[PDB]
Visitor: 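To start, I am sharing the structure in question, which I have written as structure tokens.
The basis for the numbers below is simple: all heavy atoms, side chains too, and nothing from hydrogens, waters or symmetry mates. A note on names: the letters A, B, ... follow the listed sequences, proteins ahead of strands, and every chain is numbered from 1.
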Amino acid sequence: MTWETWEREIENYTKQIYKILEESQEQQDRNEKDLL
Amino acid sequence: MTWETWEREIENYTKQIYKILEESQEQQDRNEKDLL
Amino acid sequence: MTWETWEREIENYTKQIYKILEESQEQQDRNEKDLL
Amino acid sequence: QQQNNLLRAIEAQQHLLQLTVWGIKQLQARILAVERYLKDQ
Amino acid sequence: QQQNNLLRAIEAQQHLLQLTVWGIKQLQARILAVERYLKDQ
Amino acid sequence: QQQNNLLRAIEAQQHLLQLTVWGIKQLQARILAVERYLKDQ
């Protein structure tokens, strides 16, 4: 492990987390519209 | 960003998280009592 | 607090988290099999 | 809804994590500057 | 209940985060002490 | 399922946390090396 890789991995997990948050939220809005 | 602000923002998010945890838990105990 | 203790506490919370993740997942697979 | 709540708690911790990353990077640069200062002597 | 579990997992990570914050603060103070030592020379 | 998702988000943040721990440890060792270098003078 090195600092260049460290920065990149941090960015990779971060950008993933955000995309995952929006995913769960996406389905939740989808399901809310389903059950109205 | 500076270290004084950094400390304050850390504290602000921390104290928020705890208050949020207790919130979700509050509703959960409320709902458990609802469905008994 | 010292760095030796710091390392040990970090390890203790980490190894806990993983065991907790697998727990929640364990029950979820159990419940999925229940409702089939 | 409780799912949404947990989701926000995670979001908040994500912001905390970003702050700790900033701090670590600042310190790395400062330590590196000191190391270089001493090597340059 | 699973919600309660996720909630505890988040709580545990919160404790971890607090520890990393402690560490970062310790290092910041120590780097600052070194910087000052060298400037004072 | 959404529970599984939150669970994975937490898992991902756990990996992030592990990386910040690595970084903090690296910095602690490097600061300590500098402190020792100066004390040894």
Visitor: Could you give the distance from CD1 (F:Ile31) to CD1 (F:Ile24), rounded to the nearest 0.5 Å?
Guide: 10.5 Å

Visitor: Tell me, side chain or backbone of A:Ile10 under 4.5 Å from chain F's heavy atoms, or both, or neither?
Guide: both

Visitor: For chain A against chain F, give me the donor-acceptor pairs closer than 3.5 Å, one per line with atom names and distance.
Guide:
unit_1: F:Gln2; atom_1: OE1; unit_2: A:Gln28; atom_2: NE2; d: 2.6
unit_1: F:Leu19; atom_1: O; unit_2: A:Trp6; atom_2: NE1; d: 2.9

